[PDB]
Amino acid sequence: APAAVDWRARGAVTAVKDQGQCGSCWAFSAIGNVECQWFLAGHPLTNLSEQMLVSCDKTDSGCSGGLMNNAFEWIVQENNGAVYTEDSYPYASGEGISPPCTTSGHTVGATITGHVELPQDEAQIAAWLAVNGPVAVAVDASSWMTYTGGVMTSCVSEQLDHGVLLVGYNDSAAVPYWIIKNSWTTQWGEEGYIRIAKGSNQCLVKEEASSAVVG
């Protein structure tokens, strides 16, 4: 695999978002992935709708949490692959209240056909990401509360509690790392990103990695 990949440098990643006071991390992770995958299939980079999942995906729990794999399955099984644009279904849950699901008035921004669940193996995840793009991953982010920068080497890795987006890695660095897009504004971490050490299952990063399929 390549020494280092940063999908942000390649123009594949939209701006860092703000889930606000809502446990919709799972929706931001799934949607960030679909955004990247749509772009990598040759379409323009476009912001897609977290609100669509938060309000409409009833297999997950809105501001009280969910699972990216559930979200992908809902998009395919219950929404026939359609993901609305952010512009036509904008985020409304920043104060913890999710408005009822609506269908009419929204514009489809991307279509997915399925999702893959990747091996629980960091080398394999890295090799897949290099060829196929950013990967939705569950993490234990309980120890991320005071992160301001650097490569994290003792992330508490005990309970998956968060969803985020793997956008790259660097295997040449003195401490190899993953690059991760968070959804806690650009004021958090490194302009909204975190580097965690790569190769030691920091934050349980390898446990539940997946991606939408546009193919």
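When you see a residue number, it is the position in the sequence shown, counting from 1. Throughout, rigid core stands for the largest set of C-alpha atoms superposing within 1.5 Å between the two forms.
Superposing on the core and measuring CA offsets in 8 other deposited structures of this protein, the stretch of 178-186 and 145-153 with the greater mean deviation is 145-153.
Mean CA temperature factor is higher for 143-151 when stretches 27-35 and 143-151 are set side by side in the entry. For the two regions 58-66 and 182-190, the entry's Cα B-factors average higher over 182-190. Split the chain's modelled residues into thirds by C-alpha temperature factor. Residue 94 is in the highest one. Ranked by Cα temperature factor within the chain, residue 114 sits in the middle third according to the deposited record. Ranked against the other modelled residues of its chain, the C-alpha B-factor of residue 40 as given in the entry falls in the middle third.
Compared with the other modelled residues of the chain, the Cα B-factor recorded for residue 108 ranks in the middle third.
When all modelled residues of the chain are sorted by CA temperature factor, residue 195 is found within the middle third.
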